[PDB]
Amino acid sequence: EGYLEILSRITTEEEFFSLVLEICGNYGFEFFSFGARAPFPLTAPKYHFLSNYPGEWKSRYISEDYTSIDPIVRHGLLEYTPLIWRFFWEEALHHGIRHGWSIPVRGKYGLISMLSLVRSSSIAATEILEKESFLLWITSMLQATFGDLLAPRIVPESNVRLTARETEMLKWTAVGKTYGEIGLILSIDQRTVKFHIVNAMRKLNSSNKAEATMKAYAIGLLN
């Protein structure tokens, strides 16, 4: 092999863009789509994805906000297994996107990501059961680097540090404890509980303790 060596060197979007464009081809593919859904906000999480799909297709996919209906994408949220694969489908087919393999991997900071390698001429148990275990391997290492790149812009809270105390205040808040209940549990004063929470809210750029707690959890800060 020789990819961890390329990655440990890669430090930009294009370097990632072209490092996948080569893997795309070196395994018989023309289209590639690496996507990543942030955990925030909960009510409309924001995806981020580079590709090489037809320009006309990129723009229209956004236009109608297809992320909220795309089955290739819904899978990447409920299932942890790879997937060899409505006027929506019709609108796509006629662009060169009908034959492709999507690989969903969970990553740091609660990021849910997917490598969807598509081609313009399908399934092959002798090609799948042949590259199956690699494709998956590549994907995990792709997402690792990809997150280390996106986390900055995409999950700005990723470099948040949480004091021991704040971590413990957030955990008891995750379970719905009032400032008063936490004190009796921790044998500590009330203004004390509020103090630490209020600090974490700020670092975590949240309007309130529930949003904070949720953001902290969603990122692994309470793990």
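Numbering starts at 1 and runs along the sequence shown.
Gap between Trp85 and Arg86: 4 to 9 deposited residues without coordinates. Gap between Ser121 and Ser122: 1 to 3 deposited residues without coordinates. Mean CA B-factor, 11-19 versus 200-208: the higher value falls on 11-19.
Of the two segments examined, 104-112 and 126-134, it is 126-134 that shows the higher average Cα temperature factor in the deposited entry. Note on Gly176, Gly183, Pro41, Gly55: the highest value goes to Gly55, judged by CA B factor as recorded. When all modelled residues of the chain are sorted by CA temperature factor, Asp70 is found within the middle third. Remark: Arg60 belongs to the highest third of its chain, ranked by C-alpha B-factor as recorded. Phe31: CA B factor lies in the highest third for its chain, per the PDB record.
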